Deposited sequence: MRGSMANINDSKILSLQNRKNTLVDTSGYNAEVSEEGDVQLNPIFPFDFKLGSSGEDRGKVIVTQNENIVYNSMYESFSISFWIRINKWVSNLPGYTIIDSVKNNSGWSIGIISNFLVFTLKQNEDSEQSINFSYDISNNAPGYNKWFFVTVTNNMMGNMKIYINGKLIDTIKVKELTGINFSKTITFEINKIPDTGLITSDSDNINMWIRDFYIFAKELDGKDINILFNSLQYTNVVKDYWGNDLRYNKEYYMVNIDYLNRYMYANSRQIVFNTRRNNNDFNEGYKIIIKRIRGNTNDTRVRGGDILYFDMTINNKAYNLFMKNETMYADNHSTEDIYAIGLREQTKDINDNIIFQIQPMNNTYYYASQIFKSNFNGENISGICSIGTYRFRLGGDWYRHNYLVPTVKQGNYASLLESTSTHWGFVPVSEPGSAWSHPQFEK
């Protein structure tokens, strides 16, 4: 319960009815300048750009008293943020700034780092950061994430990402630090260090105390619909929409097909998701009020090749592997659509989110989801495809039936859905 956490909330920047407002009760003034885009749908984010003189700018001016009573001891700052395209060699940008007369705090991004800084004065600072895994994010860390910074002058400065502690350092003496009542959201290139980047922000809160990990996680979860499956960037997963389907174990592989067998090939364009075939998700059972995909939904997958649409389906053929057994393992392949929903095309999805990615698990299901018989995975098996006279190894999607529970903890069962730009 949020009740006790909220007693210490001193700023609650939100988009309410196409207006940015402070809902904390302290009535900070909120103003906008330039190109600021408000999202009318959940999560109600605002969007800023880095390019142009009409560059967007959100200015929050707080009541001087409430900052003075709060920030000099212990405080917490939390917010959802998304950056695109957050490439590994990004130049330096200040993004959320509360520095005045060379003192205050500020948040910036540079390379693969998001940085929170206490500025004591012109010559003194103390910073902490989150750095994303470059090897796991060649196309950029372009996903929504939840930041929480906590500070205690008699203790530590900490930063959390999606409810996990990432960095912590003892706060040094910061005699004479003066906190500003103004916070400015603007993507401001730092000169003495290219493409436009966008930043999306929603639910930017400040608390007048140091939140512990438990409360941070309660807050984290209170700001999400955890049964709404997410696409790779953290936005709601949708039916009837094209995605590139990826396996978490094999992000450098795109999805292809060969003789009605789906196979995974190595990407040529490692800095993008723009190769191979796309899938569209089709609802069999779920919430008909919208086209969002939810855990427990029954569904099937379509793939179009040369203007012809196929269903993904679980094959009933014996599988062959060099070393492993293949008991209860079945290839997922392509079959021609029919008038009726055949049992072998049917799956049930569940969200599977991680600190550093948004994915799902996909289970083989019957029409009503009363019989869940397997989980989708991936592996290297021997096939005769195309013109093959001999059997060759292909990396293919599979369903593991039998006692599939053993595979539940495997990242090989985690599937991401990257939205197509076109």
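- Unmodelled regions of the deposited chain, listed from N- to C-terminal end, are 1-3, 197-202, 432-443.
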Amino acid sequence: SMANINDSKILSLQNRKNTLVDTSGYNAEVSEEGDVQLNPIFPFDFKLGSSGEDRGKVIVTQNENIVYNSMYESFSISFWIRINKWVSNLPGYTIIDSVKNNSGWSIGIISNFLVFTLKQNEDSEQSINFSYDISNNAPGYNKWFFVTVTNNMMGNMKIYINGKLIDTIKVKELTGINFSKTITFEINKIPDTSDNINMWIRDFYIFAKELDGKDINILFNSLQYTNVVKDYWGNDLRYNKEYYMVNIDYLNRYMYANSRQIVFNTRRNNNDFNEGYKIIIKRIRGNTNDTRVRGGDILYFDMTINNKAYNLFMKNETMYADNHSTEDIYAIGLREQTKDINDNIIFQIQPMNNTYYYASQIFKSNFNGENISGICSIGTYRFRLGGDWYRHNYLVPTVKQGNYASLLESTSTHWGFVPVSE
From here on, numbers count along this sequence of modelled residues.
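- Between the stretches 305-313 and 347-355, it is 305-313 that shows the larger average CA temperature factor.
- The stretch 129-137 shows the higher mean C-alpha B-factor when 292-300 is compared against 129-137 in the entry.
- The top Cα temperature factor in the record, among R202, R238, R283, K189, falls on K189.
- Across the residues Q224, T182, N217, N274, the deposited record lists the maximum Cα B factor for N274.
- Ranked against the other modelled residues of its chain, the C-alpha B-factor of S365 as given in the entry falls in the lowest third.
- Among all modelled residues in this chain, the alpha-carbon of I341 has a temperature factor (C-alpha) in the highest third.
- In this PDB entry, the Cα temperature factor of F383 sits in the top third of its chain's modelled residues, the highest group.
- Ranked by Cα temperature factor within the chain, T193 sits in the highest third according to the deposited record.
- The PDB entry assigns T413 a C-alpha temperature factor belonging to the lowest third of its chain's modelled residues.
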